[PDB]
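**Student:** Dropping in data_38.csv, with CSV, C-alpha atoms (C1' of nucleotides).
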chain,number,residue,atom,x,y,z
A,253,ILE,CA,70.1,98.1,90.6
A,254,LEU,CA,68.0,95.4,88.8
A,255,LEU,CA,69.9,96.0,85.5
A,256,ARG,CA,73.3,94.4,86.2
A,257,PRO,CA,74.6,90.9,85.5
A,258,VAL,CA,75.4,89.0,88.7
A,259,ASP,CA,79.0,88.9,87.8
A,260,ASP,CA,79.1,92.7,88.3
A,261,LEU,CA,78.2,92.1,92.0
A,262,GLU,CA,81.9,91.9,92.8
A,263,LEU,CA,81.2,88.5,94.2
A,264,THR,CA,83.9,86.2,95.4
A,265,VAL,CA,84.9,83.2,93.3
A,266,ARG,CA,83.0,80.7,95.4
A,267,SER,CA,79.7,82.6,95.4
A,268,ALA,CA,80.0,83.5,91.7
A,269,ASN,CA,80.7,80.0,90.6
A,270,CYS,CA,78.0,78.7,92.8
A,271,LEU,CA,75.2,81.1,91.7
A,272,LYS,CA,76.3,80.6,88.1
A,273,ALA,CA,75.0,77.0,88.1
A,274,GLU,CA,71.5,77.9,89.2
A,275,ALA,CA,70.9,79.9,86.0
A,276,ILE,CA,70.9,83.1,88.1
A,277,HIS,CA,72.3,85.8,85.9
A,278,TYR,CA,70.4,89.0,86.9
A,279,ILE,CA,69.6,90.3,90.3
A,280,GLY,CA,65.9,90.2,89.5
A,281,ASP,CA,66.0,86.5,90.3
A,282,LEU,CA,68.0,86.9,93.5
A,283,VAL,CA,65.9,89.7,95.1
A,284,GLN,CA,63.0,87.2,95.4
A,285,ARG,CA,65.1,84.0,95.5
A,286,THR,CA,64.1,83.0,99.0
A,287,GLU,CA,66.7,82.7,101.8
A,288,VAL,CA,65.8,79.0,102.4
A,289,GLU,CA,66.1,78.0,98.8
A,290,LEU,CA,69.4,79.9,98.6
A,291,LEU,CA,70.6,78.0,101.6
A,292,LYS,CA,69.7,74.6,100.2
A,293,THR,CA,72.0,75.1,97.2
A,294,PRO,CA,75.4,73.3,97.2
A,295,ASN,CA,78.4,75.2,98.6
A,296,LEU,CA,76.6,78.2,100.1
A,297,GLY,CA,76.5,78.6,103.9
A,298,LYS,CA,75.4,81.3,106.3
A,299,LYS,CA,78.7,83.1,106.3
A,300,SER,CA,78.5,83.5,102.5
A,301,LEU,CA,74.8,84.4,102.5
A,302,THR,CA,75.9,87.2,104.9
A,303,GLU,CA,78.3,88.7,102.4
A,304,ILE,CA,75.7,88.3,99.6
A,305,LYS,CA,73.2,90.3,101.6
A,306,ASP,CA,75.9,92.8,102.5
A,307,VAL,CA,76.8,93.5,98.9
A,308,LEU,CA,73.1,93.8,98.1
A,309,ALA,CA,72.6,96.2,101.0
A,310,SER,CA,75.6,98.4,99.9
A,311,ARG,CA,73.8,99.0,96.5
A,312,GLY,CA,70.3,99.5,98.0
A,313,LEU,CA,69.1,96.0,97.1
A,314,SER,CA,68.3,93.2,99.5
A,315,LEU,CA,66.6,89.9,99.7
A,316,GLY,CA,62.9,89.5,100.4
A,317,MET,CA,61.5,91.6,97.5
A,318,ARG,CA,58.0,91.1,96.4
A,319,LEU,CA,58.1,92.1,92.8
A,320,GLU,CA,56.5,92.6,89.4
A,321,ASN,CA,56.4,91.2,85.9
A,322,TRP,CA,59.5,90.8,83.7
B,1,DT,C1',43.6,35.6,166.5
B,2,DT,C1',47.7,35.8,164.0
B,3,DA,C1',51.5,34.3,160.6
B,4,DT,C1',52.2,33.8,155.8
B,5,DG,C1',51.7,33.4,150.7
B,6,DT,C1',50.0,36.2,147.1
B,7,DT,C1',48.8,39.9,144.1
B,8,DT,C1',48.7,44.5,142.8
B,9,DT,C1',50.8,48.9,142.9
B,10,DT,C1',54.4,52.2,142.8
B,11,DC,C1',59.3,53.4,142.6
B,12,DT,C1',63.6,52.6,140.1
B,13,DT,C1',66.3,51.7,136.2
B,14,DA,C1',67.3,50.9,131.1
B,15,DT,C1',66.9,51.3,126.1
B,16,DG,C1',65.4,54.1,123.0
B,17,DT,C1',64.2,59.1,121.4
B,18,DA,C1',64.8,63.5,120.2
B,19,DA,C1',66.9,68.7,120.3
B,20,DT,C1',70.2,71.8,120.0
B,21,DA,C1',75.3,72.9,119.8
B,22,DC,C1',79.6,72.3,118.3
B,23,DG,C1',83.9,69.8,116.2
B,24,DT,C1',86.1,67.0,111.9
B,25,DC,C1',86.6,65.9,107.2
B,26,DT,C1',86.7,67.3,103.1
B,27,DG,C1',86.1,70.4,98.9
B,28,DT,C1',87.3,74.7,96.8
B,29,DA,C1',90.1,78.9,96.5
B,30,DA,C1',94.2,82.4,97.4
B,31,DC,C1',99.0,82.4,97.2
B,32,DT,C1',103.1,81.2,95.3
B,33,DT,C1',106.9,78.4,92.6
B,34,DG,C1',109.4,75.6,89.3
B,35,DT,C1',109.9,74.1,84.4
B,36,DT,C1',109.7,74.6,79.4
B,37,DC,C1',108.6,76.8,75.1
B,38,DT,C1',108.2,81.1,72.5
B,39,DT,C1',109.4,85.9,71.1
B,40,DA,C1',111.2,90.6,70.5
B,41,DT,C1',115.5,92.5,70.4
B,42,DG,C1',120.4,93.9,70.8
B,43,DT,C1',124.6,92.8,68.6
B,44,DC,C1',128.0,91.0,65.3
B,45,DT,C1',129.3,90.5,60.5
B,46,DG,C1',129.5,90.7,55.3
B,47,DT,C1',128.5,93.5,51.0
B,48,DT,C1',127.4,97.5,48.3
B,49,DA,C1',126.3,102.3,47.7
B,50,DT,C1',128.1,106.8,48.4
B,51,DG,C1',130.7,110.6,49.6
B,52,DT,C1',135.4,112.7,49.4
B,53,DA,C1',140.0,114.0,47.6
B,54,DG,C1',142.9,114.4,43.6
B,55,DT,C1',144.2,115.5,38.7
B,56,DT,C1',143.8,117.4,33.7
B,57,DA,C1',149.5,121.2,30.1
B,58,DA,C1',147.4,125.5,21.8
B,59,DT,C1',146.2,130.1,24.3
B,60,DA,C1',143.4,132.4,27.3
B,61,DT,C1',145.3,138.1,31.5
B,62,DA,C1',140.9,144.9,35.2
B,63,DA,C1',132.0,143.2,36.5
B,64,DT,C1',127.1,144.6,36.6
B,65,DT,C1',123.0,146.1,37.3
B,66,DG,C1',119.3,148.0,37.4
B,67,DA,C1',117.6,153.0,38.5
B,68,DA,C1',114.1,155.9,37.3
B,69,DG,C1',106.5,161.4,38.2
B,70,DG,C1',109.0,161.7,46.4
B,71,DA,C1',108.0,165.5,49.4
B,72,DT,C1',109.3,167.2,53.8
B,73,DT,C1',112.2,167.9,57.7
B,74,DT,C1',116.6,167.3,60.4
B,75,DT,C1',121.4,167.3,61.0
B,76,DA,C1',126.3,166.4,60.1
B,77,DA,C1',130.4,167.6,56.6
B,78,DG,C1',132.6,170.5,52.7
B,79,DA,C1',133.7,175.5,51.8
C,1,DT,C1',127.8,180.7,58.5
C,2,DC,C1',126.1,178.9,53.9
C,3,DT,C1',125.5,174.8,50.5
C,4,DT,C1',124.9,169.8,50.1
C,5,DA,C1',124.7,165.2,50.9
C,6,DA,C1',122.8,161.5,54.0
C,7,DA,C1',118.8,159.9,57.1
C,8,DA,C1',114.1,158.9,58.2
C,9,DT,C1',109.0,158.8,57.7
C,10,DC,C1',104.9,158.4,55.3
C,11,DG,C1',96.4,155.2,59.3
C,12,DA,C1',94.0,151.1,60.6
C,13,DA,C1',92.1,146.6,60.0
C,14,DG,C1',90.7,142.9,55.9
C,15,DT,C1',93.2,140.3,52.3
C,16,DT,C1',97.5,138.3,51.0
C,17,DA,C1',99.6,131.5,49.8
C,18,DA,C1',106.3,130.1,45.3
C,19,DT,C1',109.0,129.5,40.8
C,20,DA,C1',110.9,128.2,36.3
C,21,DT,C1',119.2,130.4,32.2
C,22,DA,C1',123.9,128.7,33.0
C,23,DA,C1',133.5,118.4,32.7
C,24,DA,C1',135.2,113.9,33.4
C,25,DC,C1',137.5,109.9,35.5
C,26,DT,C1',139.8,107.3,39.3
C,27,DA,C1',141.0,105.7,43.8
C,28,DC,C1',139.7,105.1,48.5
C,29,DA,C1',137.4,105.0,52.9
C,30,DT,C1',133.0,105.2,55.3
C,31,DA,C1',128.2,104.6,56.2
C,32,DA,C1',124.1,101.8,55.5
C,33,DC,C1',121.3,97.6,54.7
C,34,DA,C1',120.5,92.7,55.2
C,35,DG,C1',121.1,88.2,57.5
C,36,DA,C1',121.9,85.3,61.8
C,37,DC,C1',122.6,84.3,66.5
C,38,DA,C1',122.1,84.6,71.4
C,39,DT,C1',119.8,86.9,75.4
C,40,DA,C1',116.6,89.0,78.2
C,41,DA,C1',111.8,89.2,78.9
C,42,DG,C1',107.3,86.7,78.6
C,43,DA,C1',103.8,83.3,78.6
C,44,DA,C1',101.6,78.8,79.7
C,45,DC,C1',101.2,74.4,82.4
C,46,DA,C1',101.6,72.0,86.4
C,47,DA,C1',102.6,71.5,91.4
C,48,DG,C1',102.9,72.6,96.7
C,49,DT,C1',100.8,75.0,100.9
C,50,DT,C1',98.0,77.3,103.7
C,51,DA,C1',93.4,78.3,105.0
C,52,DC,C1',88.5,78.7,105.2
C,53,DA,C1',83.9,77.2,104.3
C,54,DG,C1',79.9,73.5,104.4
C,55,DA,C1',77.5,70.4,105.5
C,56,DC,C1',77.9,66.0,108.1
C,57,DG,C1',78.9,63.6,112.3
C,58,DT,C1',80.1,63.6,117.5
C,59,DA,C1',79.0,64.7,122.3
C,60,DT,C1',76.0,67.3,125.9
C,61,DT,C1',71.5,67.5,127.6
C,62,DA,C1',66.6,66.6,128.7
C,63,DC,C1',63.4,63.0,128.7
C,64,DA,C1',59.1,58.7,127.3
C,65,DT,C1',58.0,54.6,128.1
C,66,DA,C1',58.3,49.9,129.5
C,67,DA,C1',60.5,46.0,132.3
C,68,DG,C1',62.0,44.7,136.9
C,69,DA,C1',62.1,45.0,142.0
C,70,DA,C1',60.4,46.3,146.6
C,71,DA,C1',56.6,47.0,149.6
C,72,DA,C1',52.1,47.4,151.6
C,73,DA,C1',47.7,45.4,151.9
C,74,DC,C1',44.6,41.4,151.6
C,75,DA,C1',42.7,36.8,152.2
C,76,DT,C1',43.4,32.3,154.2
C,77,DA,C1',44.7,28.5,157.4
C,78,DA,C1',46.3,27.0,161.9
What do you get writing this file as structure tokens?

**Tutor:**
Amino acid sequence: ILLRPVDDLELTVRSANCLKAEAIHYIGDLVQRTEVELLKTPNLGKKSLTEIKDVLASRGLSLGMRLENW
DNA sequence: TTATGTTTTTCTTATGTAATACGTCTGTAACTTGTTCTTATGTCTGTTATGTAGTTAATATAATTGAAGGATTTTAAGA
DNA sequence: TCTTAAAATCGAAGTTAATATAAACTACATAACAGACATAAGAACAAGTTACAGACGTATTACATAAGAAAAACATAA
């Protein structure tokens, strides 16, 4: 699922309002958005990164995706 | 030959130095809760349309409506 | 027992889409329409509370290194 807006991720209000500021609107950014850079962002800890990765894993996706052109 | 002052060395402690681990403060969010303004609606009331009941005094005094090349068979009523 | 009147029936589908003449007035009660008001339902704004997350700040732990103190050895004088 690389064709959905991030708001369709069923993300909680905290994660949605955080990731909205980083101009991250499609999963294609997030699948290669590195774990470290995701952790550096304001208001995003390990226990929320866990749920982000869990929602990704439910729909096949995950972080750490070497990828292709746009 | 031996006692003693000295100097260097090693052990001991002290301030800093850092690493990882874990608690506090604070910033956002879920959950309610009170207050005020707005709105659709149910209900009351006045006015007009309408639907019903009644009355009318030359005299007048036993329908109508078609219906029209039907044959064949069965079964009740008359005699 | 013989006429004689009634009674009943007469293939399927398919199609096959209206007619169409002919008293007045008055009084009264009832239903319907329109306007306005109050009520129940609804929406928006702000506030309290209860908790969890996030990254910072505290305490536990293991030390590096340099200053200070004790001691052993050495050289010297009586």

**Student:** Separation of CA of residue 314 in chain A and CA of residue 283 in chain A, in Å?

**Tutor:** 6.1 Å

**Student:** What is the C1' of residue 20 in chain B-CA of residue 299 in chain A distance in Å, reported with one decimal?

**Tutor:**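 Value for the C1' of residue 20 in chain B-CA of residue 299 in chain A distance: 19.7 Å.
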
**Student:** Kindly provide, as an MDAnalysis selection string, the residues of chain A having any atom no farther than 12 Å from an atom of chain C, counting only C-alpha atoms (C1' of nucleotides).

**Tutor:** chainID A and resid 266:267 291:301

**Student:** Pull out every residue of chain B that has at least one atom within 10 Å of chain A, counting all atoms listed in the file, and report them as a PDB file with C-alpha atoms (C1' of nucleotides), in the frame of the given file.

**Tutor:**
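The result, stored in iface.pdb:
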ATOM      1  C1'  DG B  27      86.100  70.400  98.900  1.00  0.00           C
ATOM      2  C1'  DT B  28      87.300  74.700  96.800  1.00  0.00           C
ATOM      3  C1'  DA B  29      90.100  78.900  96.500  1.00  0.00           C
TER       4       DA B  29
END

**Student:** If we count all atoms listed in the file, what is near residue 259 in chain A at a cut-off of 12 Å, once residues fewer than 6 positions away on the same chain are taken out, given as an MDAnalysis selection string?

**Tutor:** chainID A and resid 265:272 276:279

**Student:** What is the distance, in Å and to one decimal place, between CA of residue 320 in chain A and CA of residue 306 in chain A?

**Tutor:**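 Taking CA of residue 320 in chain A and CA of residue 306 in chain A, their separation equals 23.4 Å.
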
**Student:** Taking (49.9, 44.2, 153.1) in the file's coordinates, which residues come within 12 Å, counting all atoms listed in the file, written as a list in words?

**Tutor:**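 Every residue inside that radius is included here: residues 4, 5, 6, 7, 8 and 9 of chain B; 71, 72, 73, 74 and 75 of chain C.
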
**Student:** When you look at range 2-10 of chain C with a cut-off of 12 Å (counting only C-alpha atoms (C1' of nucleotides)), what residues show up, excluding the ones that are within fewer than 2 positions of it in the same chain? I need them as a VMD selection string.

**Tutor:** chain B and resid 70 to 79

**Student:** Need to verify the contact set: range 52-58 of chain B, 12 Å, all atoms listed in the file, exclusion of same-chain residues closer than 2 positions in sequence. Can you return it as a PDB file with C-alpha atoms (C1' of nucleotides), in the frame of the given file?

**Tutor:**
ATOM      1  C1'  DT B  50     128.100 106.800  48.400  1.00  0.00           C
ATOM      2  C1'  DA B  60     143.400 132.400  27.300  1.00  0.00           C
TER       3       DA B  60
ATOM      4  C1'  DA C  23     133.500 118.400  32.700  1.00  0.00           C
ATOM      5  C1'  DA C  24     135.200 113.900  33.400  1.00  0.00           C
ATOM      6  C1'  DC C  25     137.500 109.900  35.500  1.00  0.00           C
ATOM      7  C1'  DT C  26     139.800 107.300  39.300  1.00  0.00           C
ATOM      8  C1'  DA C  27     141.000 105.700  43.800  1.00  0.00           C
ATOM      9  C1'  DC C  28     139.700 105.100  48.500  1.00  0.00           C
ATOM     10  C1'  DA C  29     137.400 105.000  52.900  1.00  0.00           C
ATOM     11  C1'  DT C  30     133.000 105.200  55.300  1.00  0.00           C
TER      12       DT C  30
END

**Student:** Could you tell me which of B:64, B:39, B:15, B:24 comes closest to residue 57 in chain C if we count all atoms listed in the file?

**Tutor:**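 The closest residue to residue 57 in chain C is B:24.
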
**Student:** Once N, CA, C and O atoms are restored for range 284-299 of chain A, what would the output be as an mmCIF file, keeping the file's coordinate frame?

**Tutor:**
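Result file is out.cif:
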data_model
loop_
_atom_site.group_PDB
_atom_site.id
_atom_site.type_symbol
_atom_site.label_atom_id
_atom_site.label_comp_id
_atom_site.auth_asym_id
_atom_site.auth_seq_id
_atom_site.Cartn_x
_atom_site.Cartn_y
_atom_site.Cartn_z
ATOM 1 N N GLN A 284 64.094 88.020 94.915
ATOM 2 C CA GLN A 284 63.000 87.200 95.400
ATOM 3 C C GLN A 284 63.407 85.732 95.587
ATOM 4 O O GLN A 284 62.606 84.943 96.101
ATOM 5 N N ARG A 285 64.608 85.342 95.156
ATOM 6 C CA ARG A 285 65.100 84.000 95.500
ATOM 7 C C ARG A 285 65.167 83.878 96.984
ATOM 8 O O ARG A 285 65.940 84.580 97.645
ATOM 9 N N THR A 286 64.347 82.993 97.541
ATOM 10 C CA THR A 286 64.100 83.000 99.000
ATOM 11 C C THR A 286 65.414 82.567 99.711
ATOM 12 O O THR A 286 66.305 81.911 99.164
ATOM 13 N N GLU A 287 65.491 82.987 100.975
ATOM 14 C CA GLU A 287 66.700 82.700 101.800
ATOM 15 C C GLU A 287 66.821 81.176 101.974
ATOM 16 O O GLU A 287 67.940 80.655 101.907
ATOM 17 N N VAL A 288 65.717 80.463 102.202
ATOM 18 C CA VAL A 288 65.800 79.000 102.400
ATOM 19 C C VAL A 288 66.283 78.298 101.192
ATOM 20 O O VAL A 288 67.189 77.459 101.260
ATOM 21 N N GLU A 289 65.696 78.613 100.032
ATOM 22 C CA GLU A 289 66.100 78.000 98.800
ATOM 23 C C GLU A 289 67.557 78.318 98.440
ATOM 24 O O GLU A 289 68.281 77.486 97.882
ATOM 25 N N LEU A 290 67.986 79.544 98.748
ATOM 26 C CA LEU A 290 69.400 79.900 98.600
ATOM 27 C C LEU A 290 70.288 79.087 99.473
ATOM 28 O O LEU A 290 71.392 78.696 99.081
ATOM 29 N N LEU A 291 69.833 78.822 100.699
ATOM 30 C CA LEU A 291 70.600 78.000 101.600
ATOM 31 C C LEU A 291 70.724 76.576 101.224
ATOM 32 O O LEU A 291 71.756 75.935 101.451
ATOM 33 N N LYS A 292 69.660 76.024 100.629
ATOM 34 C CA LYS A 292 69.700 74.600 100.200
ATOM 35 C C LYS A 292 70.706 74.324 99.145
ATOM 36 O O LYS A 292 71.101 73.163 98.982
ATOM 37 N N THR A 293 71.134 75.332 98.391
ATOM 38 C CA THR A 293 72.000 75.100 97.200
ATOM 39 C C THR A 293 73.368 74.615 97.674
ATOM 40 O O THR A 293 73.827 74.948 98.769
ATOM 41 N N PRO A 294 74.032 73.800 96.854
ATOM 42 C CA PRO A 294 75.400 73.300 97.200
ATOM 43 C C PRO A 294 76.364 74.457 97.386
ATOM 44 O O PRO A 294 76.330 75.451 96.659
ATOM 45 N N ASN A 295 77.257 74.292 98.365
ATOM 46 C CA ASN A 295 78.400 75.200 98.600
ATOM 47 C C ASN A 295 77.948 76.635 98.794
ATOM 48 O O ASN A 295 78.423 77.563 98.138
ATOM 49 N N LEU A 296 77.018 76.822 99.734
ATOM 50 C CA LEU A 296 76.600 78.200 100.100
ATOM 51 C C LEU A 296 76.028 78.114 101.517
ATOM 52 O O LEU A 296 74.907 77.645 101.735
ATOM 53 N N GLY A 297 76.826 78.594 102.470
ATOM 54 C CA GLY A 297 76.500 78.600 103.900
ATOM 55 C C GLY A 297 75.979 79.943 104.355
ATOM 56 O O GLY A 297 75.701 80.861 103.581
ATOM 57 N N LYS A 298 75.886 80.060 105.681
ATOM 58 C CA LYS A 298 75.400 81.300 106.300
ATOM 59 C C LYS A 298 76.409 82.417 106.187
ATOM 60 O O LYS A 298 76.042 83.577 105.967
ATOM 61 N N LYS A 299 77.694 82.099 106.347
ATOM 62 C CA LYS A 299 78.700 83.100 106.300
ATOM 63 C C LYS A 299 79.046 83.612 104.906
ATOM 64 O O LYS A 299 79.794 84.586 104.763
#
